[PDB]
Each structure stands twice: as structure tokens, then as C-alpha cells.
């Protein structure tokens, strides 16, 4: 028996399949478990940090310390961003059909109706290196037709005549309902798999726009026995993952 959060964990690990020797920067608990799971199975050369300034040598449990292998203060993170050698998994208050993302605020730019973080590193992340998103509660308020403020750059912003845009790449969106990318026609939001027990109607009813390939999307793969052991015993023995994954 595999829980919804465990499917989300292996989907978040799969984000990093083939990533090689780059900095994995997950910004929420499930992507964090996923990145560390990938590092312990098929992507050992990933770099990971303690979320503050230390690069870990070994892969620790959620919230644990581990021996270190290097230094990564915030000023040097911006060097990594500009180098391209990174894959970030951010959260999102809004994501539209072409991948524009908002974590800044709702409403007008100079007088919002609700304030969040501001754009943070989302513009630099999305223009420099692979970016993926995690959404713990897949709803039509998150997956909307138009984001209020573009903090993360989507595919309809790209100027193909200007090579400054050539590093943009939105890899995956993983939610509590399934695995998605922007491989639909015109770089539109596309279903790759639905977690076991999730129906196409459930995704459609909770997405404001049409999801490409939804009717034909298969089911998310089973975790291996090793992956279940690593999730349940090594990385997240307290099941902190369950707190983040809605229904």
C-alpha cells in the first residue's frame, strides 16, 4: 500500500532524472524529500544544501544535519543561478497554461489586494536554468487563466530572436493529483501521469484551463521497494510529507 504523498515523493525525485552534477534546490518538503531520494538512488552527483549556506556531503533526513562538502552563502547562490548549473523546485500561488507563475502578490502591482513575498528569485531562476513547480493542493485558483504578477517566466514571454532567453526551461509541475509538463501544443500544460485513484475529471474540475493529453494520461509509476524504504525509514520517518499533500 502506497500513500498519495509517497507517489508525490517519487514524482519529485523523477524531476531530477538525468540532472547530473547540478545544484538541486527544492523549496518545499515534498520536493526536498524527492531531491534527496534521487541523490540516494540514481543521481548521486546532485549538489544539495542545508537551505542556509552549507553544501552537504551526505544526504540527511528531513531537518537533520549532515557532514558538509562546501560553502554556499546567498551571494554565491546568485553565481550558481547565473551559471545555469541548477534545477529549482519552487512553490506557486498561481500558474497559468503557459507556465507563467506568481508568488509575489495578488492584484495591481502598486496596490495589491494581497501581499506575499515579492518576486524573490523567480525571475532569475526561470530565465537561467531548469525550473519545476510543486503544488500541494491542485485547484482552479492556482491553475488559472492569467496570473496576477509574472514572477516566474512562462513560454509565451520568450523572444526567440534574443539569445538572452535561450536557457529558459520549465521541466515539471508535480501536484497532489499528478505529474505535468509544458509539452502540450504551443508549450501548454500537459498531463504526464495521474496518481493512483485520481481521475481525469478530478484534474479537469480543479484546473481553470484545458489540460493537454488528460484523457490519455497513464498512472504514476509504483515506487521501488528501495524508494519506499528510503522515504519511510531514512528520509522522512515522521511522515512530514503527509502534512503538505492535500487529500
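Positions refer to the first chain, counted from 1.
Colleague: If you average the Cα B factors in the entry, which is higher, 160 to 168 or 123 to 131?
Modeller: It is 160 to 168.
Colleague: Once you work out the mean C-alpha B-factor for both 66 to 74 and 183 to 191 from the entry, which is higher?
Modeller: It is 183 to 191.
Colleague: Report the third (lowest, middle or highest) to which the CA temperature factor of residue 151 belongs, ranking only the modelled residues of the same chain.
Modeller: Within its chain, residue 151 is a lowest-third residue by C-alpha B-factor, going by the deposited values.
Colleague: In terms of the chain's CA B-factor thirds, is residue 51 lowest, middle or highest?
Modeller: For residue 51, whose C-alpha B-factor we compare with every modelled residue in the chain, the answer is the highest third.
Colleague: For the chain shown, is the CA B-factor of residue 198 in the lowest, middle or highest third of its modelled residues?
Modeller: It belongs to the highest third of the chain when residues are ordered by C-alpha B-factor.
Colleague: In terms of the chain's CA B-factor thirds, is residue 217 lowest, middle or highest?
Modeller: Residue 217: CA B-factor falls in the highest third of its chain.
Colleague: Classify residue 144 as lowest, middle or highest third according to the C-alpha B-factor given in the PDB entry, relative to its own chain.
Modeller: It falls in the top third of the chain.
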